[PDB]
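Only one structure is covered here, and it is reproduced in the block below.
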Amino acid sequence: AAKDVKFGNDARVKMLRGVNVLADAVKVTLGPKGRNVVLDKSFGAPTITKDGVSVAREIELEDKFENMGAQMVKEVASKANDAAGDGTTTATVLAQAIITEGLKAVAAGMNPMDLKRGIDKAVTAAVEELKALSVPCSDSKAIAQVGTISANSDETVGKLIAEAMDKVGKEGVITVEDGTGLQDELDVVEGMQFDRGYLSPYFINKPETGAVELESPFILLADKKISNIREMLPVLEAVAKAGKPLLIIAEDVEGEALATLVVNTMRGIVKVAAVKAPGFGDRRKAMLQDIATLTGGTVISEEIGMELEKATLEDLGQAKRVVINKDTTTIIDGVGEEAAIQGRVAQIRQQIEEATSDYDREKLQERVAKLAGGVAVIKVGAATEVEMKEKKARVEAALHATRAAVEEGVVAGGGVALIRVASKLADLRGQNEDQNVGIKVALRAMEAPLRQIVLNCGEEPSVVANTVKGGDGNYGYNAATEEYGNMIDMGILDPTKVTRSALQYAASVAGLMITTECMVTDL
Amino acid sequence: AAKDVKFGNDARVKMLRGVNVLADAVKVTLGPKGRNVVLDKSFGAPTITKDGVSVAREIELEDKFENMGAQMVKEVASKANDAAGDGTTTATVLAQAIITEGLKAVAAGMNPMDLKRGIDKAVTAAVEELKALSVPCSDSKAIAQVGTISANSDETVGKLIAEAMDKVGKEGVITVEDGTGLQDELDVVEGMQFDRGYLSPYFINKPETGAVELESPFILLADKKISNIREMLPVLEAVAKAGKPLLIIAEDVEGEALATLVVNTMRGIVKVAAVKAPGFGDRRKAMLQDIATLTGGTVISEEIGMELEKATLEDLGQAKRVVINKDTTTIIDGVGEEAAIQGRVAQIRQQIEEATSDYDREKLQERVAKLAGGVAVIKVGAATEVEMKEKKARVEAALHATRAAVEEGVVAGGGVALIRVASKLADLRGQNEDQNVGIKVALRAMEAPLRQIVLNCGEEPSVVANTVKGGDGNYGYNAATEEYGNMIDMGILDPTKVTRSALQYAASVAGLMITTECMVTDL
Amino acid sequence: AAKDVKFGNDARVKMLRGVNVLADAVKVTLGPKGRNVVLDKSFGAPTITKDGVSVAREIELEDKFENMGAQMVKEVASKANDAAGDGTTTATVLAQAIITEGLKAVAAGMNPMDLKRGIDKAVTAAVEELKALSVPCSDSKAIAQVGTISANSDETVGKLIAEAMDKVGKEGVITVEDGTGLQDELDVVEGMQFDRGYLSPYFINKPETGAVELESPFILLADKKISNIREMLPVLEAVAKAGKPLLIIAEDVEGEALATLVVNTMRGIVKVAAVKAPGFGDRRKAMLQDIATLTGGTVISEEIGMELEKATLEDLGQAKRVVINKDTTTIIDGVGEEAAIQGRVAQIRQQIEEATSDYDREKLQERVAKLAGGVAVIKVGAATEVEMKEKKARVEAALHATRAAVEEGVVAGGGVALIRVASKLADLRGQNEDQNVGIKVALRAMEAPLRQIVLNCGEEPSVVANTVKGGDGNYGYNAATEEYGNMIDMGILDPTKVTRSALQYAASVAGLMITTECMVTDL
Ligand SMILES: Nc1ncnc2c1ncn2[C@@H]1O[C@H](COP(=O)(O)OP(=O)(O)OP(=O)(O)O)[C@@H](O)[C@H]1O
Ligand SMILES: [Mg+2]
């Protein structure tokens with residue numbers, strides 16, 4: 001394209017404008033008194049929403065430069081939600097704050113690199129402080145309390161989570177499914193989960209949540225790199241004859257002919273999803289075995305002279321359901337052979353006993369944990385299909401909030417934790433003055449979420465912030481009841497992981513953007 | 001595509017303008033002295049109408065923001081007509097009123113969230129007041145009086161309704177069909193009705209009323225989720241050979257291949273409609289059985305290893321006629337086996353006797369009520385096909401009006417009930433002053449319908465409103481005769497359900513719109 | 001030409017906007033926190049001053065409506081400014097707050113008349129509270145502090161004022177002159193000041209103040225009025241030989257005969273001034289004698305039979321310089337005779353004792369006092385001439401404020417009095433709600449200026465205001481200290497009169513602005 005190139009402050013004002021549109025649109029929804037946002041749809045009537053993630057998804061600007069600013073913050077802030085299951089809007093609010101004051105200082109002649117070092121330092125210390133402020137959430141009593149809090153004070157949801165976690169471990173794999181009636185059901189089943197997402201976003205299925213569900217799919221295990229459809233057609237035909245969907249777990253699927261056809265062609269004729277095999281090197285092969293035995297299928301390895309051209313249906317494994325997302329694949333009910341699965345777990349258990357290094361032992365037991373761990377399936381029952389569907393959503397939300405809570409504890413919600421740790425860091429300094437203003441920039445930015453929340457309440461944000469800061473510990477402002485108090489006692493908290501991810505990612509883009517001297521885009 | 005984003009008062013004036021165009025166009029038709037509205041048609045000569053619903057359907061604005069305002073109010077107001085069988089225009093008039101004054105207050109600096117709380121409170125109390133003001137309509141004498149009133153004082157229509165309702169219960173399923181001659185006919189027949197509408201609006205048949213009629217259709221019962229046409233083609237072919245239309249009652253039909261072909265392809269070759277099975281969980285399966293026995297067909301369940309690939313015509317049930325709409329499916333004459341149907345009803349009746357909980361008993365008898373209830377078919381006879389067709393329409397209307405009347409009674413029509421309950425709530429207050437103006441905003445809005453009605457009469461609306469308010473009970477203004485009096489005695493009333501739905505939905509959008517800070521639309 | 005007229009809110013908005021613009025600049029400047037200010041001039045090099053007013057003076061609004069609205073505030077403010085000597089800004093600040101609220105109320109549609117009444121009522125109450133609150137001016141140390149306030153942390157000015165004040169006496173008038181050199185000089189000047197107006201503004205000299213200063217004025221004293229030229233003429237002839245500027249003292253000059261000839265006939269190229277002789281009756285004569293002695297000139301009376309014509313220049317005394325203002329005319333230094341002046345004083349002094357009556361004593365004592373007191377002159381040095389002018393202006397302002405402050409007594413500054421009174425005021429209720437709101441508005445207005453100072457501080461005025469209100473007695477916030485302490489103890493006090501004056505004027509303006517439905521402008 002002939003390009004349009006901008007440098008320094010020119011590129012600065014451009015990015016700031018794009019960020020302000022994105023942040024201002026999204027932040028109106030912040031807090032219990034958050035306002036609505038109308039998103040036009042050609043499909044029919046507009047959508048009125050308060051989900052800041054939905055709003056962000058719709059933000060695209062006309063000016064190429066401003067749009068670059070917005071798309072940058074959107075990409076990083078989204079990583080927060082992916083990591084902690086929440087944090088995107090807060091990440092956006094913080095990012096806008098750091099970027100606004102950062103660029104002001106830059107334009108005032110301060111050194112961008114120093115400013116960033118200062119911002120980065122304040123964030124390091126602040127994360128330490130949050131870690132210290134964190135209230136743990138380990139015992140089943142705590143787990144349930146967090147669960148119900150997340151489920152809008154639903155004692156039943158908290159119970160479900162706590163029960164599932166107890167029956168499968170706090171770091172065990174738990175799924176949520178539709179109930180068969182009024183009563184909730186919970187049953188551990190043969191399954192597994194690995195950190196590998198879909199190869200193509202175009203594999204997204206009915207689940208609007210950005211995931212893909214496959215009922216009774218055929219699992220295809222091939223440690224080869226499939227770039228062409230030719231040597232896979234026979235399998236595809238057989239699968240098609242079965243009418244069942246397919247899950248391709250290979251070393252990697254290349255977008256030359258395979259991923260191309262699998263997506264561009266299979267837009268209705270079949271249901272095929274593809275993901276990379278877990279791990280690398282030799283472990284990649286071993287793990288595929290675990291998955292194979294688990295699903296009862298066999299792996300096609302060129303090493304053994306296995307040919308996908310001859311891969312029959314009996315080679316393919318199967319599971320009651322499979323759910324894949326951005327960065328994870330969960331095999332819910334492997335049709336494997338109980339004894340076979342137990343045999344492998346034992347085989348690996350033996351290998352662990354005869355391990356000659358910590359690294360070997362560690363990875364070895366991570367594998368047995370997956371196989372021997374199983375999947376806990378929660379079946380949300382209710383009186384009506386509507387209630388059932390609504391409760392199910394609540395359970396899914398509470399489950400992600402609670403898991404984050406068990407991992408890093410919990411902290412005063414309502415934007416109070418950030419304003420708390422910030423008030424502590426008032427004496428923090430750096431290698432020099434620029435670095436110092438960098439530190440101040442971040443500390444002041446940490447007050448943005450609470451001030452926004454109080455803004456939507458029709459209250460004075462600088463007065464409430466001033467008050468909350470003067471307090472100590474988990475003392476804050478409850479925007480729901482609009483009264484001060486102990487945030488934790490008032491049941492207003494966030495998993496420390498989301499507040500952390502939000503701050504870190506926010507500081508990440510803010511740092512990159514503050515140290516950007518040139519922007520290039522098509523005319 | 002690049003978006004155009006508006007915040008605060010800017011988005012405010014935009015929505016208000018779009019709402020005023022929609023409301024002003026529709027409200028000219030309000031009352032006995034309502035004016036006409038000409039709707040251009042490319043198809044030929046323009047249509048002159050007084051049906052406010054038809055007018056609304058045509059309203060689309062050029063400005064993307066203003067159009068969003070109009071489409072919002074149209075979507076919610078339509079829910080009133082769907083719920084109570086009327087109320088859309090009143091809902092629009094009220095909505096415009098609440099929104100107009102609400103936004104004024106917002107722009108005056110009042111808290112949007114408070115204003116909405118106040119509006120919401122006044123509506124809660126007002127609905128209580130309407131409930132108190134309601135004159136019941138239960139005895140057959142009342143039922144007939146309401147019926148004839150709705151049928152433009154036709155004693156025969158009232159009789160028909162009362163007779164049908166008596167022969168099948170006030171909450172029983174009653175249909176209206178074309179007569180075979182001069183005399184009206186009424187006969188209860190084997191049938192059923194469940195709250196499940198068409199999956200695709202594109203299934204609408206000849207009935208312009210937004211419904212779909214199917215003569216002697218083949219009912220296909222499958223508790224599976226049909227997303228692909230492949231495993232259903234054989235059935236479709238067989239059905240095609242029969243020339244009879246088809247009704248697909250499945251767990252859900254996904255728009256991947258099935259709903260896609262069934263709609264996009266079957267635009268003339270066949271007549272196929274699809275709806276979701278009633279209920280969820282285990283009840284979904286049980287109910288499908290009821291429907292199966294009722295229509296004489298069998299359900300295809302993967303659990304039993306049933307394959308749609310082998311679903312022959314004998315598996316499909318049949319009914320004399322089936323009528324599906326936005327949110328309901330009515331099986332008018334099941335070709336089921338009398339004894340079989342009686343057997344099931346007995347079987348379930350036994351289950352009720354051995355029930356171990358209120359929830360079980362309740363749902364169990366709801367099912368027997370459907371099967372054992374049957375459908376009352378009214379056959380509108382007349383001297384000429386024109387008369388027959390016109391009377392039939394009257395019967396259908398009177399039948400919505402009367403059913404709504406039996407459910408929640410009846411109240412002074414002519415916009416008098418709303419202005420009545422409002423005059424009572426003059427001392428109502430809230431948590432604060434903003435909330436108070438919120439309350440006033442709603443109370444003043446409740447006078448809009450009557451004032452509009454009187455406006456179309458060429459009379460002074462503030463004088464008539466002032467007078468009606470000073471009165472008491474069902475005392476109001478009869479815009480037909482243009483004299484004051486007792487609305488109920490003058491036979492000018494509305495089912496309490498429509499006045500309620502109108503107010504609630506109106507306050508709903510008005511509330512959302514008043515608490516909207518940002519609008520996003522394509523450039 | 002044609003005028004554009006606006007009515008209702010539209011008129012109001014223009015005024016409001018205009019008011020805000022003017023107010024905003026003023027508000028920031030006001031308070032020691034605010035920085036001084038320099039004013040640009042197209043005319044020439046920029047003018048350097050430290051006045052809130054000046055900013056207002058500079059500010060003109062392009063929009064006629066806005067400008068006019070702005071003008072209204074300024075004019076009132078100036079009036080307050082003159083009387084108070086200070087608090088120009090305060091009035092402006094107060095007015096703006098009041099106006100905005102009042103306008104909002106107008107937006108409310110409450111009848112503004114009540115609001116104005118309420119405001120007036122509130123003002124009256126506040127005034128009473130203030131008066132009680134106010135305490136007598138403290139000693140010179142306080143005076144210096146008072147001076148410093150006018151100083152805006154100009155220590156020297158306060159010192160100068162105090163020093164000048166001490167020597168002269170508070171009662172004694174102090175005059176400011178440009179410094180001879182960088183070092184300030186304070187010289188007491190012998191001479192008497194008597195409060196006499198200048199007959200015509202025409203006489204009024206070049207300087208903006210309009211006080212007329214004559215260099216080496218010649219003083220002619222006549223008891224008799226100067227009827228006509230002819231009697232004058234022989235005086236004039238001597239004067240022609242003269243040509244040093246002439247000052248004339250006469251009991252009165254009948255305007256037409258003298259003035260008509262003088263103005264029309266006489267170019268008046270030589271500077272001339274006329275003043276009425278101080279006092280009336282014998283006392284007036286006595287005063288004249290005192291003046292005459294001080295001048296060293298002689299007075300001619302009909303009773304003496306001395307002729308003006310006969311009287312030569314020698315009879316006329318000379319003064320080093322004379323300054324005349326409308327209120328008063330003073331002679332900075334008559335050449336006089338040292339012995340003569342002293343002798344006269346003694347003679348008068350003897351007379352004072354001699355007279356039995358108080359009345360006689362008072363007149364005599366007053367007469368002696370004037371001569372004895374003399375006038376005090378203050379010179380302001382500066383690094384540069386420009387600075388000196390700026391300094392001088394500040395000094396002058398301080399002096400007036402100080403003088404006013406002392407007589408009035410001092411009240412806590414910082415708008416502490418205003419806030420304090422308001423709380424009491426709040427309890428008071430207006431006759432009707434509309435009045436009530438207005439009353440509240442006035443109270444709110446009072447609070448605001450405290451906030452503005454706080455804002456300059458950058459401290460959140462809310463907390464400060466709240467804290468200030470909470471404290472009983474004199475409780476306030478010292479900007480400089482940024483510590484809470486008694487205002488009196490702090491010694492930062494604003495004059496009661498100034499505070500009172502500003503408030504009243506602001507209220508008046510605000511009320512007027514609110515009332516004014518319509519504005520008219522030229523096209
Ligand atoms: N250290 C201080 N703490 C509190 N308030 C102070 C302090 N020093 C002065 N002030 C206040 O600042 C105001 C005086 O400033 P300024 O003279 O600018 O206001 P103004 O008289 O209204 O404006 P102008 O003098 O331009 O008319 C008074 O209310 C005074 O009490
Ligand atoms: Mg001042």
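Scheme for the structure tokens: letters A, B, ... for chains in order shown; per-chain residue numbers from 1; ligand numbers from 1 in order shown.
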| task | Pick out the chain C residues within 8 Å of chain B. Count only C-alpha atoms. Give them as a PyMOL selection string. | result | chain C and resi 104+107-108
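Selecting all polymer residues at most 7 Å from ligand 1, using only C-alpha atoms and all ligand atoms, gives residues 29, 30, 31, 32, 51, 52, 53, 81, 86, 87, 88, 89, 90, 91, 149, 150, 152, 413, 414, 415, 453, 477, 478, 479, 480, 481, 492, 493 and 494 of chain C.
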| request: Would you list the contacts of residue C:391 as JSON, numbers by chain, taking every protein, DNA or RNA residue within 12 Å and counting only C-alpha atoms, but skipping same-chain residues closer than 5 positions in sequence? | output: {"C": [48, 49, 50, 51, 150, 151, 152, 154, 155, 156, 157, 158, 160, 176, 177, 178, 179, 182, 184, 378, 379, 380, 381, 382, 383, 384, 385, 386, 396, 397, 398]}
Could you please take those selected residues and save N, CA, C and O atoms as a compact mmCIF listing (two decimals), in the first residue's frame?
```
# COMPACT_ATOMS: atom_id res chain seq x y z
N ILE C 48 1.14 44.65 33.54
CA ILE C 48 1.35 43.73 34.61
C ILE C 48 0.64 44.28 35.80
O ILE C 48 0.90 45.40 36.22
N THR C 49 -0.30 43.50 36.36
CA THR C 49 -0.98 43.92 37.55
C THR C 49 -1.13 42.72 38.41
O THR C 49 -1.18 41.60 37.91
N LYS C 50 -1.94 42.44 39.63
CA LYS C 50 -2.35 41.33 40.44
C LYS C 50 -3.73 41.66 40.90
O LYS C 50 -3.93 42.07 42.05
N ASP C 51 -4.73 41.48 40.02
CA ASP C 51 -6.08 41.75 40.39
C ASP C 51 -6.95 40.77 39.69
O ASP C 51 -6.76 40.49 38.50
N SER C 150 -4.08 41.55 51.16
CA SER C 150 -4.25 42.35 49.99
C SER C 150 -2.99 42.21 49.20
O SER C 150 -3.00 42.26 47.97
N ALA C 151 -1.88 42.00 49.92
CA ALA C 151 -0.58 41.86 49.35
C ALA C 151 -0.59 40.66 48.46
O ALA C 151 0.11 40.63 47.45
N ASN C 152 -1.37 39.64 48.85
CA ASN C 152 -1.18 38.34 48.27
C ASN C 152 0.25 37.97 48.48
O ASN C 152 1.01 37.79 47.53
N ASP C 154 2.50 39.78 49.62
CA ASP C 154 3.49 40.80 49.46
C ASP C 154 3.79 41.32 50.82
O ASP C 154 3.04 42.12 51.38
N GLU C 155 4.91 40.86 51.41
CA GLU C 155 5.20 41.19 52.77
C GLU C 155 5.43 42.67 52.84
O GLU C 155 4.98 43.33 53.78
N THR C 156 6.15 43.22 51.85
CA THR C 156 6.58 44.58 51.93
C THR C 156 5.38 45.45 51.99
O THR C 156 5.32 46.39 52.79
N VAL C 157 4.37 45.17 51.14
CA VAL C 157 3.24 46.04 51.06
C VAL C 157 2.60 46.10 52.40
O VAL C 157 2.27 47.17 52.90
N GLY C 158 2.42 44.93 53.04
CA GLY C 158 1.75 44.91 54.30
C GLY C 158 2.55 45.72 55.26
O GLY C 158 2.01 46.49 56.04
N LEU C 160 4.56 48.10 54.62
CA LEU C 160 4.50 49.50 54.29
C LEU C 160 3.22 50.03 54.81
O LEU C 160 3.17 51.11 55.40
N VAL C 176 -0.40 57.23 48.28
CA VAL C 176 0.67 56.47 47.70
C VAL C 176 1.16 57.24 46.52
O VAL C 176 0.38 57.83 45.77
N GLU C 177 2.49 57.25 46.34
CA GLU C 177 3.09 57.89 45.21
C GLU C 177 4.09 56.93 44.66
O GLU C 177 4.50 55.99 45.34
N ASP C 178 4.51 57.14 43.40
CA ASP C 178 5.50 56.26 42.85
C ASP C 178 6.76 56.50 43.62
O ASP C 178 7.01 57.60 44.09
N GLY C 179 7.58 55.44 43.79
CA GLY C 179 8.76 55.58 44.58
C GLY C 179 9.73 56.39 43.80
O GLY C 179 9.79 56.32 42.57
N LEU C 182 14.31 52.60 44.14
CA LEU C 182 13.94 51.25 44.44
C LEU C 182 13.52 51.19 45.87
O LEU C 182 12.53 50.55 46.21
N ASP C 184 11.72 52.11 49.12
CA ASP C 184 10.51 52.84 49.36
C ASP C 184 10.87 53.98 50.25
O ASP C 184 11.81 53.89 51.04
N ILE C 378 3.41 57.57 50.65
CA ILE C 378 4.22 56.38 50.62
C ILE C 378 4.80 56.29 49.25
O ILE C 378 4.10 56.48 48.26
N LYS C 379 6.10 55.99 49.16
CA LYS C 379 6.69 55.81 47.87
C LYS C 379 6.96 54.35 47.72
O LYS C 379 7.38 53.69 48.67
N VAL C 380 6.72 53.81 46.52
CA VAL C 380 7.02 52.43 46.31
C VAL C 380 8.15 52.36 45.35
O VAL C 380 8.09 52.90 44.25
N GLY C 381 9.24 51.68 45.76
CA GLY C 381 10.34 51.50 44.85
C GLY C 381 10.06 50.28 44.05
O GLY C 381 9.15 49.51 44.36
N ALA C 382 10.86 50.06 42.99
CA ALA C 382 10.72 48.84 42.25
C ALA C 382 12.03 48.59 41.57
O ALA C 382 12.82 49.51 41.36
N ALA C 383 12.27 47.32 41.21
CA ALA C 383 13.45 47.02 40.45
C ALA C 383 13.32 47.75 39.15
O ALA C 383 14.27 48.37 38.68
N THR C 384 12.11 47.70 38.56
CA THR C 384 11.90 48.36 37.30
C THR C 384 10.72 49.25 37.46
O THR C 384 9.96 49.13 38.42
N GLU C 385 10.54 50.18 36.51
CA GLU C 385 9.45 51.11 36.59
C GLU C 385 8.19 50.32 36.52
O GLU C 385 7.23 50.58 37.25
N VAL C 386 8.15 49.31 35.63
CA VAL C 386 6.95 48.56 35.42
C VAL C 386 6.59 47.92 36.72
O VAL C 386 5.43 47.93 37.13
N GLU C 396 -1.89 50.23 46.71
CA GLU C 396 -3.03 51.09 46.88
C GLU C 396 -4.19 50.23 47.27
O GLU C 396 -4.94 50.56 48.18
N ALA C 397 -4.35 49.08 46.58
CA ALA C 397 -5.49 48.26 46.82
C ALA C 397 -5.43 47.81 48.24
O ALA C 397 -6.43 47.80 48.95
N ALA C 398 -4.22 47.42 48.70
CA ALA C 398 -4.08 46.87 50.01
C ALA C 398 -4.50 47.92 50.99
O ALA C 398 -5.19 47.63 51.97
```
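Here chain A has been superposed onto chain C using all C-alpha atoms in order, and the two differ by 4.8 Å RMSD.
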| message | Which residues are close to residue B:232, i.e. within 12 Å by only C-alpha atoms, leaving aside same-chain residues fewer than 4 positions away? Reply as a list in words. | response | residues 243 of chain A; 220, 221, 222, 224, 225, 226, 227, 228, 236, 237, 238, 239, 248, 250, 253, 257, 258, 259, 261, 262, 300, 307, 308, 309, 310, 311, 312 and 313 of chain B
Mind writing the picked residues with N, CA, C and O atoms as a CSV table (one decimal), in the first residue's frame?
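Output file out07.csv is given in full below:
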```csv
chain,number,residue,atom,x,y,z
A,243,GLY,N,-21.4,-39.7,10.9
A,243,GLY,CA,-22.1,-38.5,11.2
A,243,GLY,C,-21.6,-37.7,12.4
A,243,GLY,O,-22.1,-36.7,12.8
B,220,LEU,N,-43.1,-34.6,13.1
B,220,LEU,CA,-41.8,-35.4,13.3
B,220,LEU,C,-41.3,-35.1,14.7
B,220,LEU,O,-40.9,-34.0,15.0
B,221,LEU,N,-41.3,-36.1,15.5
B,221,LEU,CA,-40.8,-36.0,16.9
B,221,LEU,C,-39.4,-36.6,17.1
B,221,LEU,O,-39.3,-37.8,17.1
B,222,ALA,N,-38.4,-35.8,17.3
B,222,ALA,CA,-37.1,-36.2,17.6
B,222,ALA,C,-36.4,-35.4,18.7
B,222,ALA,O,-36.3,-34.2,18.6
B,224,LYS,N,-33.5,-35.2,19.5
B,224,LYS,CA,-32.1,-34.9,19.2
B,224,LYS,C,-32.0,-33.5,18.7
B,224,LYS,O,-33.1,-32.8,18.5
B,225,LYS,N,-30.8,-32.9,18.6
B,225,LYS,CA,-30.7,-31.6,18.1
B,225,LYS,C,-30.3,-31.7,16.6
B,225,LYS,O,-29.2,-32.2,16.3
B,226,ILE,N,-31.2,-31.3,15.7
B,226,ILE,CA,-30.9,-31.4,14.3
B,226,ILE,C,-30.3,-30.2,13.7
B,226,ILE,O,-30.9,-29.1,13.6
B,227,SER,N,-29.0,-30.3,13.4
B,227,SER,CA,-28.2,-29.2,12.8
B,227,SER,C,-27.9,-29.5,11.4
B,227,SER,O,-27.7,-28.5,10.6
B,228,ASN,N,-27.9,-30.7,10.9
B,228,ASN,CA,-27.6,-31.1,9.6
B,228,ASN,C,-28.8,-31.9,8.9
B,228,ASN,O,-29.4,-32.7,9.6
B,236,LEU,N,-37.8,-36.4,4.7
B,236,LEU,CA,-38.3,-35.3,3.9
B,236,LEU,C,-38.8,-35.8,2.5
B,236,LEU,O,-39.8,-35.3,2.0
B,237,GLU,N,-38.1,-36.8,1.9
B,237,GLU,CA,-38.5,-37.3,0.6
B,237,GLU,C,-39.8,-38.0,0.8
B,237,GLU,O,-40.7,-37.7,0.0
B,238,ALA,N,-40.0,-38.8,1.8
B,238,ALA,CA,-41.2,-39.5,2.0
B,238,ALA,C,-42.4,-38.6,2.2
B,238,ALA,O,-43.5,-38.7,1.7
B,239,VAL,N,-42.1,-37.5,3.0
B,239,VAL,CA,-43.1,-36.5,3.3
B,239,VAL,C,-43.5,-35.8,2.0
B,239,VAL,O,-44.7,-35.7,1.7
B,248,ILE,N,-41.6,-30.1,12.5
B,248,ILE,CA,-40.5,-30.7,13.2
B,248,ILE,C,-40.5,-30.3,14.6
B,248,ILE,O,-40.3,-29.1,14.9
B,250,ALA,N,-38.3,-31.0,17.6
B,250,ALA,CA,-37.0,-31.6,18.0
B,250,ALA,C,-36.5,-30.8,19.2
B,250,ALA,O,-37.1,-29.8,19.7
B,253,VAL,N,-33.3,-27.1,16.5
B,253,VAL,CA,-32.9,-27.2,15.1
B,253,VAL,C,-31.8,-26.1,14.9
B,253,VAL,O,-32.1,-24.9,15.1
B,257,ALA,N,-27.2,-26.6,8.7
B,257,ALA,CA,-27.6,-27.2,7.5
B,257,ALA,C,-29.1,-27.5,7.5
B,257,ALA,O,-29.8,-27.2,6.5
B,258,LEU,N,-29.7,-27.9,8.6
B,258,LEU,CA,-31.1,-28.2,8.7
B,258,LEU,C,-31.9,-26.9,8.5
B,258,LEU,O,-32.5,-26.7,7.4
B,259,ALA,N,-32.0,-26.1,9.5
B,259,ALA,CA,-32.8,-24.8,9.5
B,259,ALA,C,-32.4,-24.0,8.3
B,259,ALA,O,-33.3,-23.3,7.7
B,261,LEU,N,-31.4,-25.2,5.1
B,261,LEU,CA,-32.1,-25.8,4.0
B,261,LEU,C,-33.6,-25.7,4.1
B,261,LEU,O,-34.3,-25.2,3.2
B,262,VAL,N,-34.1,-26.1,5.3
B,262,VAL,CA,-35.6,-26.0,5.6
B,262,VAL,C,-36.2,-24.7,5.3
B,262,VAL,O,-37.4,-24.6,4.9
B,300,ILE,N,-38.1,-40.2,18.0
B,300,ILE,CA,-36.7,-40.8,17.6
B,300,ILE,C,-35.7,-40.3,18.7
B,300,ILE,O,-35.4,-39.1,18.7
B,307,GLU,N,-32.6,-44.0,14.8
B,307,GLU,CA,-31.9,-43.3,13.8
B,307,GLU,C,-32.8,-42.6,12.9
B,307,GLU,O,-33.7,-43.2,12.2
B,308,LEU,N,-32.7,-41.2,12.7
B,308,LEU,CA,-33.5,-40.5,11.8
B,308,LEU,C,-33.3,-40.9,10.4
B,308,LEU,O,-34.2,-40.8,9.6
B,309,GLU,N,-32.2,-41.5,10.1
B,309,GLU,CA,-31.8,-42.0,8.8
B,309,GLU,C,-32.8,-43.1,8.4
B,309,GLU,O,-33.1,-43.3,7.2
B,310,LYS,N,-33.4,-43.7,9.4
B,310,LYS,CA,-34.4,-44.8,9.2
B,310,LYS,C,-35.8,-44.4,9.6
B,310,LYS,O,-36.7,-45.3,9.6
B,311,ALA,N,-36.0,-43.1,9.8
B,311,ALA,CA,-37.4,-42.7,10.2
B,311,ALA,C,-38.4,-42.7,9.1
B,311,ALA,O,-38.3,-41.9,8.2
B,312,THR,N,-39.2,-43.7,9.1
B,312,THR,CA,-40.2,-43.9,8.0
B,312,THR,C,-41.5,-43.1,8.4
B,312,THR,O,-41.7,-42.6,9.5
B,313,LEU,N,-42.4,-42.9,7.4
B,313,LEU,CA,-43.6,-42.2,7.5
B,313,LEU,C,-44.5,-42.6,8.7
B,313,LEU,O,-45.1,-41.8,9.3
```
| request: Report as a ChimeraX atom specification: the residues of stretch 121-267 of chain C with a DSSP assignment of alpha helix (DSSP H), based on the backbone of this structure. | output: /C:121-133,140-151,155-168,229-241,260
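Atom pair atom CA of residue A:372 / atom CA of residue A:299 has a distance of 20.3 Å (rounded to one decimal).
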